[PDB]
Amino acid sequence: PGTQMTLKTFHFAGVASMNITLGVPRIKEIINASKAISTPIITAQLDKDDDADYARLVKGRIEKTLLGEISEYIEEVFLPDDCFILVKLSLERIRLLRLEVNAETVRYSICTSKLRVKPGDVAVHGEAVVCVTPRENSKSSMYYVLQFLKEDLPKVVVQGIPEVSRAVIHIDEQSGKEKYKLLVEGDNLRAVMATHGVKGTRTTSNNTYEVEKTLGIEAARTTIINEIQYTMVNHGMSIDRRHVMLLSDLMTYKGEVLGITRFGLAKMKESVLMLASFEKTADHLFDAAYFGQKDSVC
Amino acid sequence: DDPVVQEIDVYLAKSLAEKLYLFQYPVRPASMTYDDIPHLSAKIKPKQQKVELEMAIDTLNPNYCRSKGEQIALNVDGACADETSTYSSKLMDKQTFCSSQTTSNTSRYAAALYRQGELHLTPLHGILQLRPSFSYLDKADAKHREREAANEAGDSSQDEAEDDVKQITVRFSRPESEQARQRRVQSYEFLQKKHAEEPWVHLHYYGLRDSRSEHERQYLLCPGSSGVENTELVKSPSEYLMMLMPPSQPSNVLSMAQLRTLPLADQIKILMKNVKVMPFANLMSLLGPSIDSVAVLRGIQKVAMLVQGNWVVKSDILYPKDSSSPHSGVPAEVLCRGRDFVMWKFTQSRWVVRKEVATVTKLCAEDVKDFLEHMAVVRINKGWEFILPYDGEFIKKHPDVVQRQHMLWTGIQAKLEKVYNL
Amino acid sequence: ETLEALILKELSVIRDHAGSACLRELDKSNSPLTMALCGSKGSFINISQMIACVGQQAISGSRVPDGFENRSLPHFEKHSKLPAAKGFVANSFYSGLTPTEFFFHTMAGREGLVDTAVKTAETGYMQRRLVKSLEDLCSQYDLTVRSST
Amino acid sequence: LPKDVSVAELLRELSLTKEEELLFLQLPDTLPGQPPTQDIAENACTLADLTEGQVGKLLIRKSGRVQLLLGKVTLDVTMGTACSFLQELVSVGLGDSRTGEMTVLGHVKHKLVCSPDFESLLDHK
Amino acid sequence: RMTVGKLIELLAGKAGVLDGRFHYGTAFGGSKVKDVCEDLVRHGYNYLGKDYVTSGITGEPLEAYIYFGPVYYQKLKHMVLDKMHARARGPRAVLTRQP
Amino acid sequence: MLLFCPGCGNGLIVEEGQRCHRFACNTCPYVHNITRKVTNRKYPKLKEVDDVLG
Amino acid sequence: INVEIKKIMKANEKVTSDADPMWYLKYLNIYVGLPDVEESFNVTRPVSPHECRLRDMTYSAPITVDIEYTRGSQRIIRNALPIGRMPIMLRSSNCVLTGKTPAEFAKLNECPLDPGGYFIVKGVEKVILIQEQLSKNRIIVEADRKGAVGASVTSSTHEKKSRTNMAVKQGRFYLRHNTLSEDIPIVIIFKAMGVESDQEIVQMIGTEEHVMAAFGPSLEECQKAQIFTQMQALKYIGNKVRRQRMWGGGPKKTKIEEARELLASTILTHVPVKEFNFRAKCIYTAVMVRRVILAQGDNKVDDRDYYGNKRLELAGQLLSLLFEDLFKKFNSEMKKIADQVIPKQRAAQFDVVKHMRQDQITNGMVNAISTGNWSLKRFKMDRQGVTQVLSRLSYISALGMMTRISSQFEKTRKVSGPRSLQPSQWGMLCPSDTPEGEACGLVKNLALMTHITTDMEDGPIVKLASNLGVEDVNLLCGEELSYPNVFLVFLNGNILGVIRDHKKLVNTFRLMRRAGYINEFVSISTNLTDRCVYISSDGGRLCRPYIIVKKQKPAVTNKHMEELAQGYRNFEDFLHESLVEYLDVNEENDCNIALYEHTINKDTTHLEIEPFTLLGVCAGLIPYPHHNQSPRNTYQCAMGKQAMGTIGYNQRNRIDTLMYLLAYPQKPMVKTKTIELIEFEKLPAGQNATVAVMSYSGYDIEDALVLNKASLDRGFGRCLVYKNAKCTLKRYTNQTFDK
Amino acid sequence: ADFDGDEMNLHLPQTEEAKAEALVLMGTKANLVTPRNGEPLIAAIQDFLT
RNA sequence: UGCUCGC
Ligand SMILES: Nc1nc2c(ncn2[C@@H]2O[C@H](COP(=O)(O)OP(=O)(O)OP(=O)(O)O)[C@@H](O)[C@H]2O)c(=O)[nH]1
Ligand SMILES: Nc1ncnc2c1ncn2[C@@H]1O[C@H](COP(=O)(O)OP(=O)(O)OP(=O)(O)O)C[C@H]1O
Ligand SMILES: [Mg+2]
Ligand SMILES: [Zn+2]
């Protein structure tokens, strides 16, 4: 079917966006069992699938939001007595996006992996005003490190999972009821399941490594089976489930998802002749000669 | 769009042709000027123009840091040396502006002074860009190096008299290879030394507020009448275009312009070789109305023959004596005889049968076809017809040429009847 | 992207309606229609393309990209997003294709050719790896699949 | 600041005000003339070869045309690059071989560009 | 494959061999279908190339008309005689004793 | 914002003197005391309320 | 062979040795002459190309040269001394086949319809394919592996080619070059190249708020260090300079000097410095930084597949480089022989004539043409597959292979980025003609109506640009580069200057080119996105003739075509009378072309001559190609390259290793105008058969066909296969011979 | 295959056991369906469906 | 070793 697969396009799976690798590259990424894959997809089910307000609320909860994405203006004001950076939060956009973020949450977001900013440096004056007064760290840093803050102060995370890059509200228009789910283009399944309002019992993912690390080896096998079957059906060609089940069992029989690459094949197989014939002939042969490993003809 | 208003005159002045310089500060906006800044001196060189301005800056102003001034003054110079000091006092007081040469030749640039109804132009002897030079830091680094050397020598409180007598290290003046000599000549250090070889010239500064400025400002004007016809600047547009754009230095290879550049006889010959069938009026139109008709007629009478009022190029012109048939390889004389027979048949009758010509001339089909295609077209149920219609106007206009061509065709017919036994 | 989707939708509407009209106006015993009904070779889409109207030429699931500055070909205006200027082929194979439509069709054909050329080697390597990894398993007599060891 | 035009520039320089102004115009490499008794060749003819007096006229036609009639030919004058940095036109006169005078004549604000009307020169002959 | 150009070439060639002409298949032009159809109808043949044909085997006419016409076929260098290969025991390589 | 010294043209940094915060250059004794408030807004792009697709 | 070889000889006219001065070897004039054979004992003889094909020898002409030298300080001159043998391309100026009639071709046993243009070496016919490469001295803004949008410029002069890059890996711009140990900030290089004020640097980069916001980190990183003068920056650069493995000669504190030399000569070679004045180089790198900043926002990444940035090298440039390398090697060998012989031999004065080996250049040319691998150590160019065996399967095969073009990608992997059919190939390259297989998309064919430009003098271009009001870049600061109405004018990658109202400039330049004062192949284009006016005059650019359209009416009328048909005018007259002009890809990017007369609208600048010229030579055989599918046309071209038929009129005397002929070839009934143009009907490669489209006996299931026995019996499809069996009886070292 | 010039290989076993294994396991009648999904591959084709 | 091909 790899030769039968045409490597088509425009198969957005009904959302008209979120370009996902499907076809021979997808099968290759699945069989390689790489820890990091291209365009990871996480499907999350909602407790209240009929309400759009709850969907947008949990979306804002899971989606990473930077400070510059919500603040209306950040200005470095140099008063005659002291110089500091003033950030004005747009409460209108905050309540529009339904983010549970106030001045105190923003202040708590600062002082975290930002040149060790002391808590006394950040202060709150109004309801949506944050004042940051940095001090010289004496490690080749002076007051004119303010600019450095201007480079990364809007790029701090105030709410959401840092690994999550983009989450969208997918809707199913079934005649009985139109339900709401979350499509997350991130690489953190545990955080998505742990978030409030997300039915973690019915949350899946495309990255087999995350599923293996989070929900066990059997969940990883089931995810591999489902993903391979879905990728095969996307091209209109059908494969009996027994083949993909055998493949997943072979990939998940030592307790760890091992890929079809040379590393996984070496970790699974023991025969020296086959390891030498497949890839890395000289290295495997010299290592076997060093270990004195006797190879059977099984 | 007529010149309704503003017919301004343009005058020229040569008083300050060699004394006019243009100074532009790429880092100083036009809003702030150096009129209030007291200048001290200006170094300059006549050849290889590079002016260095030395000005003075205030200190009591709040925009000056006296502590940093003392620091930079102690850094650039010594403690109390003052023999060669970049600053007279213990503060940074003098500022140096260095000039860079934009272009070598400034003849195409001119300064324009505008007065009511007139614009005076003055050539520029040179254009330089003035930028704040950082030269005190180099002397500061040199002084820091010499202070480091002094500290190295001062490792001991009392230094014994070193027996560091300079052994005679006179190096061979090796004959340098021409490549290495060219590298040395093209080196930056050699160019900088050559520039430094020219002695400096000191000049005082006279600001715009000085009366000397307004005094010498009148030199950009010239004494002359309002309306004067310039003796020069009278070349035609064609001559100007030739000046500002000086020149670098099949048989249809030569173009129309290359044809017109050739003598009239060559033009007629090439045109008859290319077209091989054309009227006299078309030839007169192509050659041009400025050429007399008698000369064109005499030229065409030597390379063409008259057939039914039209002109057909001669056979020997198309086929030189050293040429041959590209299809059969027969000599060019047979081709000329066959073409003359074809032209005679066309003069006798407008319709020519291909089979009859092939039988009489004993030539192959392709040669007869090429002979006919040059002067005839295929008409169904009628054979081959002459491509151009009967032109009686040229015949009526020139009866003597008609009689000459008639007797020439009579001679050609006699020759053809002698050869082919007609 | 909304405008692109709407224009693609309109061109597809034209294509499918012309194809339906051609299929309805065609009489029986027609050899292309007969071979399309039995499924031996061809389909209704090929018949519509070769009789009624060729469809929108799609490169990587989208209209023809602007090879030149702000336009695909110099024969069209700049920033012009008209259907004929972006890949649409109004004429059919019977009536003949304009030079721009023929160029777009050749672009699509070459895209398909290079896609197949890459797919051949990629799937060859994938098949080699998969077989080298899976060749050890065998079904034993006790109904248990065991490896070589 | 809107981009001005040479016609309106001269109009406001003469009609709106009467104060003199220093301009910096760029003339072509070769002027439509011959070096007068300069020992030649069709070489470059710059302002250094021409004499004093009236050398040409400045015409301002309708629709914004600004031409310079320098004899039989007519060039066109357009606005150059709008410089905003300081440009001081000064006179450096070396009266003596040891001491010279630098005379600040004025400030340069606008730049003009004179170009041959190649279209007219081509359609002429 | 949608090779309508082959049918157009066949029709133009049939019209040309009927009227003694050489039709042109120039890209984005050439002789139109209407002209060759008129040339066919003028010579007494069908305006679509399909002609009444009797089966040579059974001697009975075919139920559908057959599309006849002159087509310019070109033979390729790929021959079965040059590509035919059969290998006996034969020779082997010195390094590895294989064919 | 980015400010430059009128003297030499190098970039100006913000430091604290003996009386008030001032702009200063690292290569010349030029300084400039701050009298009134100075601000430099950037107006970052506000993430729109993304539509629910499907 | 007429101009470039003389320039190469002039570049190395004098060669001398360091030892024993006042000795020299001076070349005066070099000639190639007519092709001859060295068979006769010390005597030459005219030889035809067919004789060279039969005798398995090379078709070359003796390269001779007249020289003057000093034997014993007395000047000795030679007027005719051969030095090598240049293989003569067929149908060239010096080839015997040119200026010949078909009868004279028959006398020489050569087909008159043979395209020629191929070399004959050792009896085999080799063709040098047209090489395709990226244009040199051009800024390319592209994304890196990690997604960083950087810039690259491959500055290539006649001596050195250096690709310098610029990255934004950490929000600041670093400049990377092969001569630097570590990439250094761009602001340090700015300070090293003369401009020390940061305000001037920022003005040169741009005055836009986002530009300053992006360039801020670079200024901050520069201010972190103590680099504020030119000397400090030059010292910092020299610290990052590594010696080329202990270069011979005493350094004597060359660190700052090495840094300045790398900045002046090695970095940005195409940008020239008059006398250590980096103003032009500063403006160039500032424009590059501005382009990177602008591209760092909207993803306006330039594409490599755009053929406007492609250059085509013919056999001429390759042979010129090869001859230059061989002549330099010969001169070095002669200088070494002189140094070894003159100072110690005897009072018998050494002369080069006794040591001028004539086999060097000849063997070099023969090997480079035959084997096809070119190794130029002076340019460090290691190419393969330059020459290929001319395919004599048919006339169409050779005619299509003669106009082939290979890609620089040199296919070994699945790139799938140049293999696509770009819209830039319009009118220049055939879209359908491509080899089906692994070489799909990287081996292409030229169109029916196309031309490749040569190099110009570039003098009058500069003169007209300077006279048209282009202000000198040294006269103004970089701030004017940030103005919306100021447009940069370039010239072959060099910043020619700035201009305002570029419409007038472009119109005047085009009108002057039409008038004839500027070469018709000089191209001018405008990029409004980058606001850059490009003036291209280098060779290798593809141009196509187009009819000029002025005010909705083409300049070409029926009267002009009637005069052309009658012979009053030729194509050169159309070129001179401003009727038809050549357009480049970059130039046609800005022009409006109409396919037909009815398509002409108000905004039309040119008219297409003929649409069917889009296809190539092989694609021209397809009858009604617009009614078929593109893979069908590609397969048809691929099979017609292998079509069996007659080769030429001399196919009987021709003896090749494999030849296929048709017994009774027939010209097609449906013939394209391209067939009449290429004279394919004189040499057909097929037969017309009465085909009936029907299903019969089920023996034609998938693509098969049923043949008639009586037809094959009467000569249909009858073919002839000619093979060659060659044997050699050579004399060995010992006085024994094969018998 | 598509009968457009495809070249195919033909091997002759030199052992009775190999011949029997080929006839039994790789028999055409015994491999009418693919092991991928059980669909029959050896079936009617063009000019047989029509 | 190179390259043009054949699917
Ligand atoms: N340049 C070149 N190299 C070749 C040629 N034939 C073989 N080689 C080289 O030799 C290697 C392959 O050797 P083989 O083709 O197996 O040699 P062979 O055919 O066994 O030689 P014989 O035993 O003489 O038939 C390749 O890696 C090539 O580099 C040739 O004709 N030209
Ligand atoms: N590189 C290759 N690897 C494997 N098989 C190949 C290769 N090249 C050709 N083939 C063989 O040829 C066949 C390819 O034909 P296919 O691509 O299906 O039709 P096609 O060549 O597109 O014909 P049309 O253009 O559709 O008329 C299938 C395969 O067995
Ligand atoms: Mg096949
Ligand atoms: Zn400063």
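Labels below follow one simple rule: chain letters A, B, ... track the order of the sequence lines, proteins then strands, and each chain is numbered from 1. Scope of the values below: all heavy atoms of this structure, side chains included, with no hydrogens, waters or symmetry mates.
In the model, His235(A) has no side-chain atom that pairs as donor or acceptor with a side-chain atom of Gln4(A) under 3.5 Å.
The closest side-chain heavy-atom distance from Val386(G) to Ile128(G) is below 4.5 Å. Counting heavy atoms from C-beta on, the side chains of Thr674(G) and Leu615(G) never come closer than 4.5 Å.
Nearer the 5' end of RNA chain I, as judged by each residue's closest nucleotide, is the contact made by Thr371(G), out of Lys77(E) and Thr371(G). Of the two residues near RNA chain I, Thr387(G) and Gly5(H), the one whose nearest nucleotide lies more 5' is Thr387(G).
Residue contacts shown for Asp4(H) are limited to sugar-phosphate atoms, with no base heavy atom under 4.0 Å away. Among the heavy atoms of the strands lying under 4.0 Å from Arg404(G) are primed sugar atoms or P, OP1, OP2 only; no base atom is included.
Atom P of nucleotide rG2(I) and atom CD of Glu438(G) are separated by 14 Å, given to the nearest angstrom. The distance from atom NZ of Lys411(G) to atom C1' of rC5(I) is 11 Å, rounded to the nearest whole Å. Spacing between atom CD of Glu410(G) and atom P of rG2(I) amounts to 11 Å, rounded to whole angstrom units. Distance, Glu7(H) CD to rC7(I) P: 10 Å, rounded to whole Å. Summarising the geometry, the separation between CE on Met401(G) and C1' on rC5(I) is reported as 11 Å, rounded to the nearest angstrom. A straight line from CE of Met402(G) to P of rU4(I) spans 17 Å, rounded to a whole angstrom. Summarising the geometry, the separation between CD1 on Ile396(G) and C1' on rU4(I) is reported as 18 Å, rounded to the nearest angstrom. In this structure, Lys641(G) atom NZ and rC3(I) atom P are separated by 19 Å, rounded to whole Å.
The side chain of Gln384(G) places an N or O atom within less than 4.0 Å of a non-bridging phosphate oxygen (OP1 or OP2) of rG2(I). Note on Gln388(G): a side-chain N or O is less than 4.0 Å away from OP1 or OP2 of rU4(I).
Ranking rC5(I), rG6(I), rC7(I) by closeness to the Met639(G) side chain, first place goes to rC7(I).
Salt-bridge annotation for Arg53(G) and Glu110(G): present, with a side-chain N of the basic residue lying under 4.0 Å from a carboxylate O of the acidic one.
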Query - side chain to side chain contact (heavy atoms under 4.5 Å, CB included) between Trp374(G) and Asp325(G), intermediate numbers included - result: CA-CA 11 Å; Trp374(G) 296 40; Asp325(G) 189 12; over 6 Å; no
